[PDB]
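Text of data-v6.pdb (PDB, C-alpha atoms (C1' of nucleotides)) as supplied:
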```pdb
MODEL        1
ATOM      1  CA  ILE A 170     -24.790  -4.415  21.070
ATOM      2  CA  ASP A 171     -28.200  -4.395  22.706
ATOM      3  CA  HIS A 172     -28.429  -0.618  22.167
ATOM      4  CA  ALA A 173     -28.363  -0.086  18.411
ATOM      5  CA  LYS A 174     -31.426  -0.361  16.237
ATOM      6  CA  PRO A 175     -29.875  -1.899  13.140
ATOM      7  CA  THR A 176     -27.004  -4.328  13.545
ATOM      8  CA  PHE A 177     -23.338  -3.994  14.492
ATOM      9  CA  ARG A 178     -21.925  -4.046  10.978
ATOM     10  CA  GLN A 179     -24.448  -1.411  10.018
ATOM     11  CA  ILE A 180     -22.820   0.929  12.573
ATOM     12  CA  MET A 181     -19.174  -0.011  12.189
ATOM     13  CA  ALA A 182     -19.314   0.574   8.429
ATOM     14  CA  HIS A 183     -17.875   4.018   9.121
ATOM     15  CA  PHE A 184     -14.562   2.947  10.539
ATOM     16  CA  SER A 185     -13.029   1.875   7.263
ATOM     17  CA  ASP A 186     -10.045   3.948   6.227
ATOM     18  CA  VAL A 187      -8.545   4.457   9.670
ATOM     19  CA  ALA A 188      -7.792   0.787  10.185
ATOM     20  CA  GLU A 189      -6.916   0.712   6.493
ATOM     21  CA  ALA A 190      -3.989   3.061   6.977
ATOM     22  CA  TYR A 191      -3.279   1.238  10.241
ATOM     23  CA  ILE A 192      -2.645  -2.046   8.505
ATOM     24  CA  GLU A 193      -0.777  -0.263   5.748
ATOM     25  CA  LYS A 194       1.753   1.006   8.262
ATOM     26  CA  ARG A 195       2.137  -1.985  10.517
ATOM     27  CA  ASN A 196       2.239  -4.268   7.484
ATOM     28  CA  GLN A 197       4.880  -2.077   5.895
ATOM     29  CA  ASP A 198       7.013  -2.701   8.954
ATOM     30  CA  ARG A 199       6.410  -6.426   9.208
ATOM     31  CA  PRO A 200       4.523  -9.273   7.560
ATOM     32  CA  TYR A 201       1.227  -8.959   9.357
ATOM     33  CA  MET A 202      -1.853 -10.648   8.044
ATOM     34  CA  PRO A 203      -5.135 -10.689   9.948
ATOM     35  CA  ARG A 204      -7.148 -13.648  11.104
ATOM     36  CA  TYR A 205     -10.032 -13.693   8.705
ATOM     37  CA  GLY A 206      -8.032 -14.889   5.704
ATOM     38  CA  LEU A 207      -5.854 -17.299   7.623
ATOM     39  CA  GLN A 208      -8.984 -19.288   8.316
ATOM     40  CA  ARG A 209      -9.956 -18.880   4.657
ATOM     41  CA  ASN A 210      -6.477 -19.336   3.186
ATOM     42  CA  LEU A 211      -5.502 -16.190   1.403
ATOM     43  CA  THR A 212      -2.301 -16.403  -0.614
ATOM     44  CA  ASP A 213      -0.911 -12.930  -1.251
ATOM     45  CA  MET A 214       0.740 -11.048   1.568
ATOM     46  CA  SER A 215      -0.066  -7.857  -0.336
ATOM     47  CA  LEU A 216      -3.813  -8.367  -0.208
ATOM     48  CA  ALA A 217      -4.177  -7.938   3.546
ATOM     49  CA  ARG A 218      -5.912  -4.665   2.667
ATOM     50  CA  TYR A 219      -9.372  -6.219   2.522
ATOM     51  CA  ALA A 220      -9.306  -9.352   4.645
ATOM     52  CA  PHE A 221     -11.909  -7.780   6.898
TER      53      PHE A 221
ATOM     54  CA  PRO B  66      28.971  29.734 -25.731
ATOM     55  CA  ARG B  67      27.427  27.119 -23.434
ATOM     56  CA  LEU B  68      24.061  26.110 -22.030
ATOM     57  CA  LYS B  69      22.114  23.455 -20.106
ATOM     58  CA  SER B  70      20.027  20.415 -20.978
ATOM     59  CA  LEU B  71      16.651  21.236 -19.488
ATOM     60  CA  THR B  72      14.402  23.971 -20.815
ATOM     61  CA  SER B  73      11.314  26.050 -20.035
ATOM     62  CA  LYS B  74       9.510  26.570 -23.363
ATOM     63  CA  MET B  75       8.978  22.800 -23.459
ATOM     64  CA  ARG B  76       5.482  21.399 -23.595
ATOM     65  CA  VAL B  77       4.725  20.645 -19.946
ATOM     66  CA  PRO B  78       1.565  20.237 -17.838
ATOM     67  CA  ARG B  79       0.136  23.313 -16.131
ATOM     68  CA  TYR B  80      -2.169  23.580 -13.127
ATOM     69  CA  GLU B  81      -2.825  27.127 -14.174
ATOM     70  CA  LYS B  82      -0.995  28.876 -16.933
ATOM     71  CA  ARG B  83       1.979  30.593 -15.315
ATOM     72  CA  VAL B  84       2.837  27.562 -13.213
ATOM     73  CA  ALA B  85       5.578  25.199 -14.325
ATOM     74  CA  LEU B  86       5.460  22.053 -12.245
ATOM     75  CA  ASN B  87       8.556  19.956 -12.911
ATOM     76  CA  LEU B  88      10.751  22.494 -11.183
ATOM     77  CA  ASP B  89      14.025  22.700 -13.047
ATOM     78  CA  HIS B  90      16.378  22.350 -10.104
ATOM     79  CA  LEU B  91      16.466  18.560 -10.550
ATOM     80  CA  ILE B  92      19.849  18.610 -12.235
ATOM     81  CA  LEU B  93      21.310  16.567  -9.379
ATOM     82  CA  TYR B  94      19.348  13.406  -8.771
ATOM     83  CA  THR B  95      20.746  10.101 -10.066
ATOM     84  CA  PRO B  96      20.884   7.523  -7.311
ATOM     85  CA  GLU B  97      21.524   3.881  -8.103
ATOM     86  CA  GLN B  98      18.895   2.397 -10.361
ATOM     87  CA  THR B  99      18.358  -0.888  -8.555
ATOM     88  CA  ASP B 100      18.385   0.956  -5.239
ATOM     89  CA  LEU B 101      15.099   2.612  -6.201
ATOM     90  CA  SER B 102      13.245  -0.445  -7.498
ATOM     91  CA  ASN B 103      10.650  -2.637  -5.873
ATOM     92  CA  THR B 104      12.580  -5.804  -6.731
ATOM     93  CA  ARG B 105      14.976  -4.917  -3.923
ATOM     94  CA  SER B 106      13.491  -4.360  -0.512
ATOM     95  CA  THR B 107      14.025  -1.510   1.891
ATOM     96  CA  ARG B 108      16.647  -0.573   4.406
ATOM     97  CA  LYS B 109      14.238  -0.778   7.325
ATOM     98  CA  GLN B 110      13.354  -4.376   6.535
ATOM     99  CA  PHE B 111      17.034  -5.131   6.115
ATOM    100  CA  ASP B 112      17.547  -3.773   9.606
ATOM    101  CA  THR B 113      14.703  -5.587  11.312
ATOM    102  CA  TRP B 114      15.790  -8.935   9.936
ATOM    103  CA  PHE B 115      19.333  -8.232  11.119
ATOM    104  CA  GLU B 116      17.923  -7.416  14.568
ATOM    105  CA  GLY B 117      15.332 -10.146  14.904
TER     106      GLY B 117
ATOM    107  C1'   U C   1     -31.962  -5.462   3.033
ATOM    108  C1'   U C   2     -30.684  -9.400   6.518
ATOM    109  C1'   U C   3     -27.382 -14.284   7.330
ATOM    110  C1'   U C   4     -19.654 -14.068   7.446
ATOM    111  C1'   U C   5     -17.616 -15.736  15.306
TER     112        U C   5
ATOM    113  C1'   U D   1       4.685  -8.155  -8.173
ATOM    114  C1'   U D   2       4.380 -13.328  -6.613
ATOM    115  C1'   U D   3       5.400 -18.960  -8.244
ATOM    116  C1'   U D   4      12.519 -21.626  -9.649
ATOM    117  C1'   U D   5      14.052 -26.916  -3.452
TER     118        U D   5
ENDMDL
END
```

What does this structure look like when you write it as structure tokens?
Amino acid sequence: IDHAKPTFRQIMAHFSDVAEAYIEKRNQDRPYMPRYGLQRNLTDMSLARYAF
Amino acid sequence: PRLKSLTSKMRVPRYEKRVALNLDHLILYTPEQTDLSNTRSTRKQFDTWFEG
RNA sequence: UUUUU
RNA sequence: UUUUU
């Protein structure tokens, strides 16, 4: 963290589609939802795709 | 005198000209209708419930 | 543009 | 597609 010139989001913006397909698979097996919506109260199990 | 249902002179899409895409060996594909839908879930899920 | 624990 | 106590 102390060794990037812009911020952390501004570097991790690459790693988008890899975890996308990740959650597609392991959601297709089982009803996973991440954290970030469960604090914010999403509704649709389908829309885990973008609770980043 | 006899013949088949499907044809070749039919109006069909074409990647390039000679290519015919809906390959006409699909005479034998009629699974159950509801078995294909989304309104019924999948066999894997049906297994993992039965195992959990 | 930043600021979402 | 969800939402039928």

Name the residues in contact with range 195-203 of chain A at a cut-off of 12 Å, using only C-alpha atoms (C1' of nucleotides), excluding same-chain residues fewer than 3 positions from it; report them as a PDB file with C-alpha atoms, in the frame of the given file.
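Listed below is the output, out36.pdb:
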```pdb
ATOM      1  CA  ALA A 188      -7.792   0.787  10.185  1.00  0.00           C
ATOM      2  CA  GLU A 189      -6.916   0.712   6.493  1.00  0.00           C
ATOM      3  CA  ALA A 190      -3.989   3.061   6.977  1.00  0.00           C
ATOM      4  CA  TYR A 191      -3.279   1.238  10.241  1.00  0.00           C
ATOM      5  CA  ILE A 192      -2.645  -2.046   8.505  1.00  0.00           C
ATOM      6  CA  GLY A 206      -8.032 -14.889   5.704  1.00  0.00           C
ATOM      7  CA  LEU A 207      -5.854 -17.299   7.623  1.00  0.00           C
ATOM      8  CA  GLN A 208      -8.984 -19.288   8.316  1.00  0.00           C
ATOM      9  CA  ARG A 209      -9.956 -18.880   4.657  1.00  0.00           C
ATOM     10  CA  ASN A 210      -6.477 -19.336   3.186  1.00  0.00           C
ATOM     11  CA  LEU A 211      -5.502 -16.190   1.403  1.00  0.00           C
ATOM     12  CA  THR A 212      -2.301 -16.403  -0.614  1.00  0.00           C
ATOM     13  CA  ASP A 213      -0.911 -12.930  -1.251  1.00  0.00           C
ATOM     14  CA  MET A 214       0.740 -11.048   1.568  1.00  0.00           C
ATOM     15  CA  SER A 215      -0.066  -7.857  -0.336  1.00  0.00           C
ATOM     16  CA  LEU A 216      -3.813  -8.367  -0.208  1.00  0.00           C
ATOM     17  CA  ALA A 217      -4.177  -7.938   3.546  1.00  0.00           C
ATOM     18  CA  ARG A 218      -5.912  -4.665   2.667  1.00  0.00           C
ATOM     19  CA  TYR A 219      -9.372  -6.219   2.522  1.00  0.00           C
ATOM     20  CA  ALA A 220      -9.306  -9.352   4.645  1.00  0.00           C
ATOM     21  CA  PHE A 221     -11.909  -7.780   6.898  1.00  0.00           C
TER      22      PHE A 221
ATOM     23  CA  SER B 106      13.491  -4.360  -0.512  1.00  0.00           C
ATOM     24  CA  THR B 107      14.025  -1.510   1.891  1.00  0.00           C
ATOM     25  CA  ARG B 108      16.647  -0.573   4.406  1.00  0.00           C
ATOM     26  CA  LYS B 109      14.238  -0.778   7.325  1.00  0.00           C
ATOM     27  CA  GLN B 110      13.354  -4.376   6.535  1.00  0.00           C
ATOM     28  CA  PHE B 111      17.034  -5.131   6.115  1.00  0.00           C
ATOM     29  CA  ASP B 112      17.547  -3.773   9.606  1.00  0.00           C
ATOM     30  CA  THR B 113      14.703  -5.587  11.312  1.00  0.00           C
ATOM     31  CA  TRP B 114      15.790  -8.935   9.936  1.00  0.00           C
ATOM     32  CA  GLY B 117      15.332 -10.146  14.904  1.00  0.00           C
TER      33      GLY B 117
END
```

Using all atoms listed in the file, which residues of chain B come within 12 Å of chain D, and what is the closest atom pair for each, with the distance in Å to one decimal? Give it as CSV, sorted by chain and residue number.
```
residue,atom,partner,partner_atom,distance
B:102,CA,D:1,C1',11.5
B:103,CA,D:1,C1',8.4
B:104,CA,D:1,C1',8.4
B:105,CA,D:1,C1',11.6
```

Could you please take those selected residues and save C-alpha atoms as an mmCIF file, keeping the file's coordinate frame?
```
data_model
loop_
_atom_site.group_PDB
_atom_site.id
_atom_site.type_symbol
_atom_site.label_atom_id
_atom_site.label_comp_id
_atom_site.auth_asym_id
_atom_site.auth_seq_id
_atom_site.Cartn_x
_atom_site.Cartn_y
_atom_site.Cartn_z
ATOM 1 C CA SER B 102 13.245 -0.445 -7.498
ATOM 2 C CA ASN B 103 10.650 -2.637 -5.873
ATOM 3 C CA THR B 104 12.580 -5.804 -6.731
ATOM 4 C CA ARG B 105 14.976 -4.917 -3.923
#
```

Inset, instruction - Calculate how many Å separate CA of residue 101 in chain B from CA of residue 77 in chain B, rounding to one decimal. - result: 24.9 Å
